């Protein structure tokens, strides 16, 4: 950004053999050390401790009415017997160079003088200038303006009051408020002017009309002027400070000679006199009050002080009015902003929430297209570039520093993307966390706009070796720019980025609970578990739980002759319906081992009807397979068949994983027994153990039984064939 770019190193001044200044090298003119002054005042420099005079402007003798011999090598003690002790008191040695001291002198000849002093290291710089010794303006003009500035209701009105007041105070033929853009171009956003004068209002001027080292200088010394655009500069004698054998810094002297480049610009523009006051906001040059007179004009010093004070006042009020205008913009989005904040705040699946048309993330930013990248997938709303180009933008976005990126001409910030101006000329992108792995990208189409320039566009700065001669309206078509993002839209995006980034709190814990307690647990069960962290006895515990295992009989063998995509599709269908059923019965899915399911009832938390719910779950799982086999045989494949075993008993519960990556699981002979029980089933059948049937109760309807001695058990056991469950399930296997 040209405004946030320090000036180039300056070249040596002319009187040290520096180069001549043209529009090629003019950002390097050392305008702060011209070694000369404007002829309407006089300048002395003096040693800061002794007060010996070291330099005089060539006109100081004639100005201060003393022969040049006495003056040179006189002391300020003798030249200013009253003001010498005072400026020492006000400008103590070692004080900042910015500090200035002002006084009136009753001088022997031609009237009173205005004295302005400042210190630069070991050197005192004294400016002398005619004054009335009588404030022409009176007390009320400034006080009235200050209150009127503060009561202006918005930025535009504040600009009107500023230029209208300054022109009333000074009599200038033209007073402009000139506002710098981030690329250091500027625009006349208010103008008060004498009748019959050409209007510059609404015109943009190239950044080169005020070069970077002038803008830097104007950030530190807030007023400067050219009283007479025809007047020759007056040299300092000697031109170098003899304390240093180096140029005398003159940036803080209002009598500093103006650059010949700018002198010529003002003549071309028809200007006899010029003055500007910096508006500085947050340490940055926000703009200028820029004044012109058609004929030479020396603004009296007291009028200048009024201006300098208005400068300070305007610097604060520009900030106040800009914040109020932004807040008013956001005030009209309040209803919509709250609604978007509430949804984003607690949402655990951002993709389904932020793409809802009822949320209208597109309208919230007046965007033409929105990209949402969350988890691993990105979807879009509205007008976006073809899918190949969206992936190229997200790839370049990942390289951008920060968590917010904003531009109204994406083609310039990212060259390869200049082709995407029909839908992505402007872009506002925010990163949920750092790295752009999750982000939102509002896009805006190219908006062709005409720009009124003051005589020339920025690329015509070097057509001549000097300033241009025309400042009349020059229209240029703007290419590749979108409508700019309002500062309130920038803020809205910052608010929403913060909300989603905060929401990563839950999105990390619930995925961490599922890793420990159940990969397929419901968002309610996880919520239930987060509230009650204790009671779970991670270090180990033995207690009763019911275990259910199922397998698809021979599906692993029939899957060696299907498409790999058919297998995955069939397993996805099956597990989907199975998981819905098991969830409905409060079971914890513990493993999806191939085509087999293990379900726990009682871990992570138990209830008195664990066994009954497991049996009912088993029945409905079998019934659910009939719905599943419609799609499978719909796809052209053979029906699936399923056997289920259920056991109930004491198992060891706890962190059965490792220490660094825990898993709440169960271990013991009663787990293994469930598999042996399931191994006695055929398709459609459910075998349960005697402990399960006993624990489940009289609501379980059995078909018959078998005594079996599975390998792994010392004693024979009776297993029971389930036909159904009664109230309140009323679930029955078909026969």
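Positions refer to the first chain, counted from 1.
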**Study point:** Average Cα temperature factor in the PDB entry - higher stretch of 397 to 405, 209 to 217
**Key:** 397 to 405
Revision key, fill the gap. Stretch with higher mean Cα temperature factor, 408 to 416 vs 183 to 191, is 408 to 416
Study note, to complete from the structure: Scanning 317, 276, 295, 460 for peak Cα temperature factor in the entry gives 460
Practice item. Name the residue from 455, 554, 235, 540 with the greatest C-alpha temperature factor listed in the entry. Key: 554
Point to revise | Entry-reported Cα temperature factor of residue 270, expressed as the chain third it lands in | key: lowest
**Study point:** Third of the chain, ranked by Cα B-factor, where residue 70 sits
**Key:** highest
**Study point:** Position of residue 623 among the chain's modelled residues by C-alpha B-factor, lowest, middle or highest third
**Key:** middle
Revision key, fill the gap. Quick tally, chain-level thirds of C-alpha B-factors: residue 725 sits in the middle
Check your understanding: What third of its chain's C-alpha B-factors does residue 247 belong to: lowest, middle or highest?
Key -> lowest
